[PDB]
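Shown here is one chain on its own, the form deposited in one PDB entry, set out as structure tokens.
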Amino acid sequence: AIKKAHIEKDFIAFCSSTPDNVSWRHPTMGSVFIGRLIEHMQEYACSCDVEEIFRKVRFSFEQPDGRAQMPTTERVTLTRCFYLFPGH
């Protein structure tokens, strides 16, 4: 038999900046958002779900310098916590 399912569910998007605004990339060090995300994923994947990790990434950008940006979580339809369980 046929059943109904939500057309859009279990998505999360994470953008490098807020709408209208620039995102920064160092010529040798790479994109600041990308580098910051990797660092947080390496540290917190073991203990935090993805939504929590992304929030921590946002917090790390809180104090604006000469090259400011605020990463944004978008269009979230995660119905559960997504833990990566690294090593498993």
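What we label the rigid core is the largest C-alpha set whose atoms superpose within 1.5 Å from one form to the other. The first residue of the shown sequence is 1; numbering continues from there.
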Check: Quick one: higher average CA temperature factor, 71 to 79 or 20 to 28?
Finding: 20 to 28
Next item on the list: Could you check which stretch, 42 to 50 or 59 to 67, carries the larger mean CA temperature factor in the entry?
Entry: 59 to 67
Checklist line | Third of the chain, ranked by Cα B-factor, where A1 sits | finding: highest
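Another form, the form deposited in another entry, is not on view; read the next lines as being about it.
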Notebook entry, point to check: Once you line up the core, how about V22: does its CA shift reach 2 Å between the shown form and the other one?
Noted result: yes
Checklist line | Change in CA distance between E39 and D20 in that other deposited form, which is 3 Å or more, as closer or farther | finding: closer
Next item on the list: Look at the CA atoms of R36 and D20: state whether they lie closer or farther apart in that other deposited form than in this form, given a difference of 3 Å or more.
Entry: closer
